[PDB]
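Below: the structure, in C-alpha cells.
All of this is worked out from the model, or read from it or from the source named; no laboratory read-out is quoted. For neighbour counting, all protein chains shown are included, and Cβ atoms are generated from backbone atoms with ideal geometry for every residue, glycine included.
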Amino acid sequence: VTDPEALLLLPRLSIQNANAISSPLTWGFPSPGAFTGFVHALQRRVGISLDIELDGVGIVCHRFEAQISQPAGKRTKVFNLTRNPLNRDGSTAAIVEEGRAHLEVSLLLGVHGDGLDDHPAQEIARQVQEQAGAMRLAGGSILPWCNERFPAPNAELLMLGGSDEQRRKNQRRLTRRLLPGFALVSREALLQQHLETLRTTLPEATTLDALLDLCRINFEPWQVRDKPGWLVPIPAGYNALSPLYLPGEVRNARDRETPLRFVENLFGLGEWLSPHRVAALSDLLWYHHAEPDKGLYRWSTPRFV
Amino acid sequence: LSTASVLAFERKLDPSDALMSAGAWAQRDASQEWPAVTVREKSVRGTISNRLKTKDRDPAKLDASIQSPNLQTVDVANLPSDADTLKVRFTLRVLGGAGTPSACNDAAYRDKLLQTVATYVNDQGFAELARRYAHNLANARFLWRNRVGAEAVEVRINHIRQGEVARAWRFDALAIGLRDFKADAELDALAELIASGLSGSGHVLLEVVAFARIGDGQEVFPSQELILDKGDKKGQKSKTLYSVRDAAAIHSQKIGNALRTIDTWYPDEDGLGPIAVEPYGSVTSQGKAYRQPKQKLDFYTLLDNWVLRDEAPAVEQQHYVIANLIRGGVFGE
Amino acid sequence: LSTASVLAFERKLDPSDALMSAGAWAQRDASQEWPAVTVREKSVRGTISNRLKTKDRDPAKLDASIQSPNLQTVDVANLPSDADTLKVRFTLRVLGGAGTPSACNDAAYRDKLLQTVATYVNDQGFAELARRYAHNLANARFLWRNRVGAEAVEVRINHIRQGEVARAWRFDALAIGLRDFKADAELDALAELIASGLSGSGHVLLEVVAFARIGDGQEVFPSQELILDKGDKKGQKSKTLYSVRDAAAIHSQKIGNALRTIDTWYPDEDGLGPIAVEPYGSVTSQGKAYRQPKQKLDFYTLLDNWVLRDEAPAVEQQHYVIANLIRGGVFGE
RNA sequence: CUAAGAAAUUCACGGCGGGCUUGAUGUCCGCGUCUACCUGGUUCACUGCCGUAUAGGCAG
C-alpha cells in the first residue's frame, strides 16, 4: 500500500502453456495471484541483492489464445488435453484435466529501494529482465528472445521528482508502448452498488456475481440490459476456515517450518480497460494485504476509482 | 533418514513449439520469408475395415455394415505444389542447476541429496549426457515421421548471446546414425556448450532449424489434438490438427520427448535402441514397461539406495538417475 | 501366441493431390505455363424423376409438385473454349520397409511377423506387385471419369534423384489394356524401379503427368466435397467441388484407390475385373462385399492362419496379404 | 517462491449419379462556386578537368 518511486516495465512477455482454469468457477485468463507471486519471487531472487523492493504488478494482456474446442455445433466449450505416460503396471492411467493458454502480457512493476543511487537505470532494468527470462510466469514457460527482441528494451521512470510536464510527457511515453493491450483492475464498489440496487428482494452477493456478467434479456409489456462496462468475475482472495496449525503437525506439507490453514477462494469483480482511462499509472499495480487474526485475504488495486 | 514426502524437480532443457514452413531447396539460405504450412479440411469416403466379432452378431447387421460406405471429415496438411522442402524451427534453453529441488519437506534429506549430486558432478562432468543430447540434436529425432523417407535432412544450430549469433553449426542428419553414438569434433564442441550450460557456468539459448526434402505437394505430419470422446456426440469431424496462428505446429513436450532418448541401458535388450528416459522406463506405443520395479534398476529404487544408504550403483545407472533429475517431475509420496 | 491387440501399419505408395490445368494438344511438350481449371457456379432448375410409391401419389399431386420450385445452384468445371486437353499432375513416393508395424503389443508376435514377411521376400521378390502397380500407372485409372470418351491419353512418368530427371517414360494409355496385364520392356523397367523401391534398396520419387483430349470447352470431373443440408435459412449449394488455391483438384486417397486395383483373385468371379485391395474386399458403388469372412479368403483369416499356425496359403493369396500390408491400416482388436 | 512442481494421441480411407428458371416495363423537373498569392528546397553538403596518392586554369 506504499506508493513506489519508479515504474519498471517489462515489454512483451509471451507465456507458452499457461494455466487457463484459475478458479473452480471462473475460466479464462489466469488469476492475479500468479502475477503478484511472480513479483515476490523476483523479490526473493533479485531485490535482496540489488537493494530494491518490488511490490505490485500491472496486467496489460496484449494477446490470449486458449487451446479450446467446440465440436457438434453446441454452444459450450471443451478442452484440449495432452497425454501422460503409461500405468504403474503398464496399461494406461486416468485422465485429469488442465487448462491451457498461449499468453502474451506486459507487466508494470514498482520499485522502492536505494539502488537508483548506486546503479543506473539500464543496469537495474537489464538485471531484472535477464532474471525474469529464466522463470515461469503463470504456471507456464516464458518464451525467450527471437527476431522480436526489437521491443525487448525495458523502460524505467522516476515518478515523484521532475516537473509535471515531464510526468505527463513520460507517462504518455509509457502508454504508447502499452498501446494495444487492455489493463485490468478491481471494481468491488460497483458490486456494493448493485447490492444496494437489488436490495429490494435479497442482498446475497454470489447471486449478484451470477447476475452481472451475462446477457439479461428483459422483455416488453425484448430489451437487452445495457452493460456499463466490460466486467468480469475474477478470484480475489482466500477466506480461511480452519484455525492455524503449528509447523510440525500436518503430514505432507511443503516444508515443516511455516504454519498452515485450509482456505477457499473468494470471488470478486474486475474490469478490463484501455490504459488511457487511468489517471496515474501508479494506481494500477496489484497489491495484496492481509490480517491473519482472521481468514481474510485479497488482491486489490487500492485507490483506482 | 526417511524419504521426503514431497519432492518436485523443475525441468531443464526447455524447448518451444516448433513451427513448420515450406519452401524450395537451394533457396535454403534465404529461408526467412517462407510461407507457413496451413491445416485444412477434406472429406473422406472409406469403407469399414476393422475387426468384427461373432458373439451377438446378426449377419444382417454384419453384411449391412460391411457393404455400406463410411463418411467422415479429417484435417490434412500438405506442402504447396511448387515446394519440396519442410522447415521446422524451434528454440531451446539450457537452464542448469540440476540438483536443487523446488519443494522438499526434510532439510537433512535435501542436504544429503545435494551432497550426492555434487559428489557426482565432482567425480565426473556432464560430458556423457551432453554428448547424447548433442547426438539427438545432431540428427532429426524431433522430425518424428517427417524424417522417414527423405532425400536429405540438414540441421542448423545457432548459439545466441545478444541480438547476434555467437557460433553456428551445420550438420547432416542422414550421415549421423540413428542408433550409433559416434564421436566428432563439432559434436564435442556443442557437447561442451550444453555441458557448460547444465553446470550453471553460463546462459545457453540455442536456435534449431531443420530442413527436409520430401517432395512436391507431399504430406507433412503435425501433432494431433484431443477430441475427448466422452460418451455422446462423436461428431462428423475426425483427426483435428494442432496449430498456432495460421500455421501447423508440433507440441513442445514431443520435441522434449525426442531430445531425452538416452537410455541404452535396459536389462532386457540393448539391441533395439535408445528409448526415452522415464521412471519405470516405459514405451506407450509398444505397450511394454522395461525396467520393472521387481528388478533393482528402477529410478525410485536406485535413488533410495544411493541417497539414503550410500550404495552407489554402476556408473551408467548413475547417468540414468541424473538424467531423470534433468527431466524433472513429481517425486515422493 | 495370441494375436497382438494393437496393430497399425503406416502406408507406402503415398501420392499427392493431383492438379488439373487445361491447354492445347501439340502444344503438349511445353505444358508448363498452362492456366489452371477453375471451379465456378451456375444455376440449375430441377425436375421430377424419382420413384413414387403410389400410396400418396394422386394425379393432382404430380401437377402440383411440378408447379413447385426445384431451384438449385451447383458448381461446374469446364475447359476454356479454345483448349481441348486436360493435364493432370501429381507425385508419388515409394517408401519401402513394408513389414515393420508402427505399433504392436507383443514382441514374439512381431518377430514372428517379421520372419514371415522376410520369408516371403526371400522366397520371391516384389516383382508381381510392382508389375501390377506399373500397369496401373501405365494406363489412366487415376483419370476416373475423365478417361471415359477420349481421343488419346498420354502418360509421362519421370524419376527424380536431385533437381534433375534420371529416366523418363512416355506411354500410351489406350493401347495398354484396362483388364489385361500384359508384359512389356518399359513396364519391366519401371516395375524394377518400384520393386527396387519397396524393398528398401533406395529412394524412389516419381512425377506422373497425364494428358487427355476431351474437346473444346467440355466438362472435367474433379472430386466432390461433403456438405450437409441442415436447418438453416434461404438454402445453400448442393454440389461443391474440391479445390486448392484457385485450381480444381482430386483427393489423394482417390488416386491411391486407383493405384491399388490389384485383386484378380476373387472366389466369386474373375470375369468382371480387378477391383481394389481391401480387407473384406468390398466395392462401395456396387454395394457388394466380395471375399466374405464366411469363406476362408479374408485378410484377417489368412493372416491369422499364416502367422500363428504356419499354414501357408496359395501364392496369389500371399500376394493379397502382402498387398494389404503395403496398403497399411488399423488392425488388431 | 506463482490452484506450485510432471507428461508423445496414433494408425487407414472413391462423395456420386440427373436436371429449361421464365414472362412485362417512361427516372423525371431546377440551379452563380468565388476572392488571394515571389517555389530561389540542395527536382543530390554539389556536376565533368594535370596523380588509379586529398595538388588545380572548371560551364561553376
Report task. Report whether or not C:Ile255 is assigned to a helix (DSSP H, G or I), away from chain B (no Cβ under 11 Å), among the hydrophobic types (A, V, I, L, M, F, W, C) and within 15 Å of RNA strand D (Cβ to nearest atom). Result -> yes
Report task. Examine segment B:17-32 for a residue that is at positive phi, outside any strand (DSSP E or B), out of contact with any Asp or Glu (no Cβ under 6 Å at 6 or more places or on another chain) and not assigned by CATH to the domain that holds B:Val330, and state whether such a residue exists. Result -> yes
Report task. Answer with yes or no whether A:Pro71 is within 14 Å of another protein chain (Cβ to nearest Cβ), in a loop (DSSP other than H, G, I, E, B) and either more than 20 Å from A:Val105 (Cα to Cα) or more than 12 Å from RNA strand D (Cβ to nearest atom) (or both). Result -> yes
Query raised in the report: Only one residue in A:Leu42, A:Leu25 is assigned to a loop (DSSP other than H, G, I, E, B), within 12 Å of RNA strand D (Cβ to nearest atom) and not β-branched (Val, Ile, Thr). Which one?
Result: A:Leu25
Report task. Might you check whether a residue that is closer than 30 Å to A:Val278 by Cα, within 14 Å of chain B (Cβ to nearest Cβ), aliphatic (A, V, I, L, M) and in contact with a strand residue (DSSP E or B) (Cβ under 6 Å, 6 or more places away or on another chain) occurs anywhere in segment A:110-133? Result -> no
Report task. Could you list, in sequence order, all residues of segment B:275-295 that are in contact with a helix residue (DSSP H, G or I) (Cβ under 9 Å, 6 or more places away or on another chain) and closer than 20 Å to B:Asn146 by Cβ? Result -> B:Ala276
Query raised in the report: Quick one: would you say A:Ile95 is within 13 Å of another protein chain (Cβ to nearest Cβ), more than 25 Å from the chain's Cα centre (by Cα), within 16 Å of RNA strand D (Cβ to nearest atom) and among the aliphatic types (A, V, I, L, M)?
Result: yes
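Yes/no matrix, rows are residues, columns are (1) part of a loop (DSSP other than H, G, I, E, B); (2) under 26 Å from the mean Cα position of the chain (by Cα); (3) more than 14 Å from chain B (Cβ to nearest Cβ); (4) closer than 30 Å to A:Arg172 by Cα:
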{"position": "A:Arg199", "(1), (2), (3), (4)": "yes, no, yes, no"}
{"position": "A:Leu202", "(1), (2), (3), (4)": "yes, no, yes, no"}
{"position": "A:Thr207", "(1), (2), (3), (4)": "no, yes, yes, no"}
{"position": "A:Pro235", "(1), (2), (3), (4)": "no, yes, yes, no"}
{"position": "A:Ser282", "(1), (2), (3), (4)": "no, yes, yes, yes"}
{"position": "A:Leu285", "(1), (2), (3), (4)": "yes, yes, yes, yes"}
{"position": "A:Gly295", "(1), (2), (3), (4)": "yes, yes, yes, no"}
Query raised in the report: Between a first residue in segment C:59-71 that is among the hydrophobic types (A, V, I, L, M, F, W, C) and a second residue that is within 15 Å of RNA strand D (Cβ to nearest atom) and not in a helix (DSSP H, G or I), which pairs have beta carbons less than 6 Å apart while being 6 or more apart in sequence or on different chains?
Result: C:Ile66/C:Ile48; C:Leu71/C:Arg45
Requested in this report: Within segment B:68-91, work out how many residues are out of contact with any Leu (no Cβ under 7 Å at 6 or more places or on another chain), of a type in the set (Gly, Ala, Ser) and either under 20 Å from B:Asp246 (Cβ atoms) or more than 16 Å from RNA strand D (Cβ to nearest atom) (or both).
Outcome: 1
Requested in this report: Considering each of C:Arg40, C:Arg28 in turn, give the residue that is charged (D, E, K, R) and within 16 Å of RNA strand D (Cβ to nearest atom).
Outcome: C:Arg40
Report task. Identify, from the list B:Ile322, B:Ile255, B:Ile326, the residue that is hydrophobic (A, V, I, L, M, F, W, C) and in the same structural domain as B:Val88 (by CATH). Result -> B:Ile255
Requested in this report: Select from segment B:271-328 the residues that are within 16 Å of RNA strand D (Cβ to nearest atom) and among the polar types (S, T, N, Q) and write down the one among them that is farthest from the other protein chains (Cβ to nearest Cβ).
Outcome: B:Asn324
Report task. Among residues belonging to segment B:217-241 that are assigned to a strand (DSSP E or B) and more than 6 Å from RNA strand D (Cβ to nearest atom), point out the one that is surrounded by the fewest Cβ atoms within 10 Å (Cβ to Cβ). Result -> B:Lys237
Query raised in the report: Residues in segment B:242-251: is at least one within 14 Å of RNA strand D (Cβ to nearest atom), buried (at least 20 other Cβ atoms within 10 Å of the Cβ) and of a type in the set (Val, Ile, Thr)?
Result: yes
Query raised in the report: When B:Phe211 is evaluated against the numbered criteria (1) buried (at least 20 other Cβ atoms within 10 Å of the Cβ); (2) assigned to a strand (DSSP E or B); (3) facing another protein chain (nearest Cβ under 8 Å), which criterion, by number, is the only one it fails?
Result: (3)
Query - Leading residue by the ranking (nearest to RNA strand D (Cβ to nearest atom)) among those in segment B:43-62 that are small (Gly, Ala, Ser) and closer than 19 Å to B:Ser238 by Cβ - result: B:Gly46
Query raised in the report: Exactly one of (1) away from every other protein chain (no Cβ under 14 Å); (2) assigned to a helix (DSSP H, G or I) is unmet by B:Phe142. Its number?
Result: (2)
